[PDB]
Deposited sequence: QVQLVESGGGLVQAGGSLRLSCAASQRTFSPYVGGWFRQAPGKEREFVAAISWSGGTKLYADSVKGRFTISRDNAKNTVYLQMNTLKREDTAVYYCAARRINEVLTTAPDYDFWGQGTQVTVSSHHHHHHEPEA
């Protein structure tokens, strides 16, 4: 199971950015984590196999929305009204058992990481 992030880069604050994780069989839970230099990885958002269950971190509830298209094996993270507090490396994760969990030891496969930078 390989995952690939797309759509990082630099954004003006209050702007918007959209990451996608493409995967290469079975159903899975799509996850997203962000990590800043010297801090522990923090959960951002996750989504059940057919999208009935979406979970978000409080710090992003309202601004971020997660969605997926199973036909293309892609989960999307739609980030709107980005803060400087949102600058981090963003990792997509996959978990096989269709249970939406918020801690990183619960995800089996991890993407390489994409950088998101919010400047003024």
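Participant: Could you list the ranges of the deposited sequence that have no C-alpha atoms in the model?
Facilitator: The deposited sequence has unmodelled segments at 1, 26-28, 125-134.
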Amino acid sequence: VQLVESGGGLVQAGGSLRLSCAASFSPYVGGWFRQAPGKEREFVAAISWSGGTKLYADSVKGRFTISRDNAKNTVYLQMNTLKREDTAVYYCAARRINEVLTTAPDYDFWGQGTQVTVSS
From here on, numbers count along this sequence of modelled residues.
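Participant: Taking the entry's C-alpha B-factors for this chain, is residue 103 in the lowest, middle or highest third?
Facilitator: For residue 103, the deposited C-alpha B-factor lands in the middle third.
Participant: Taking the entry's C-alpha B-factors for this chain, is residue 13 in the lowest, middle or highest third?
Facilitator: For residue 13, the deposited C-alpha B-factor lands in the middle third.
Participant: Among all modelled residues of this chain, ranked by Cα B factor, put residue 39 in the bottom, middle or top third, i.e. lowest, middle or highest.
Facilitator: Within its chain, residue 39 is a middle-third residue by C-alpha B-factor, going by the deposited values.
Participant: Quick check on the deposited entry: does the C-alpha B-factor of residue 68 sit in the lowest, middle or highest third of its chain?
Facilitator: Middle third - that is where residue 68 ends up once the chain's C-alpha B-factors are sorted.
Participant: Residue 46: which third of its chain by C-alpha temperature factor?
Facilitator: Lowest third - that is where residue 46 ends up once the chain's C-alpha B-factors are sorted.
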